[PDB]
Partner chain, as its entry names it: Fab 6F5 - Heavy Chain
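Shown below, as structure tokens, is a lone chain in the form deposited without its partner chain; questions about how it binds or moves come after it.
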């Protein structure tokens, strides 16, 4: 919407950081729009991905990392708190041992750290959404 998609913001993350994303799918769930959030190690889209979060709305969520160019072990979830046609608020919190993904205030997914969060230099949000808010917290 207001924010360009693909959306790119330089970022740093550590324990206590939160990434907050407000947006809306561009299609009804029957048409299977997607959402992707990638935490990258460099300011280049081809760089490694410490945390890859990909929603196929209405179907599934997959999480992974891309390390030295290669995708690692996929974690697949059928949990689907996102609501057809609705705006969502996505909150990704950096805990000591994992990322925790909140959807509309409800814990919905977690992913244990495979690479230290301090390796992140960039966050990208893309695929079939409009985006009205993006924030990384830097309070701690």
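Residue numbers count along the first chain shown, from 1.
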{"query": "Stretch with the greater mean C-alpha B-factor as recorded in the entry, comparing 44 to 52 against 71 to 79", "finding": "71 to 79"}
{"query": "Between 21 to 29 and 118 to 126 (mean CA B-factor, as deposited), the higher", "finding": "21 to 29"}
{"query": "Ranked C-alpha temperature factor of residue 64 among modelled chain residues, by third", "finding": "lowest"}
{"query": "Residue 87, C-alpha B-factor rank within chain (lowest, middle or highest third)", "finding": "highest"}
{"query": "Ranked against its chain, the third holding the CA B-factor of residue 135", "finding": "lowest"}
{"query": "Third of chain Cα B-factors occupied by residue 97", "finding": "highest"}
{"query": "Chain-relative CA temperature factor third for residue 106", "finding": "highest"}
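FYI, the form deposited with its partner chain bound isn't displayed, but the following is about it.
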| property | result |
| --- | --- |
| Partner proximity in the deposited complex: residue 42 to its partner chain, non-hydrogen atom cutoff 4.5 Å | yes |
| 4.5 Å heavy atom contact, residue 67 to its partner chain in the deposited complex | yes |
| Interface residues of 101 to 140 toward its partner chain, as seen in the deposited complex [heavy atoms, 4.5 Å] | 113, 114, 115, 116, 118, 119 |
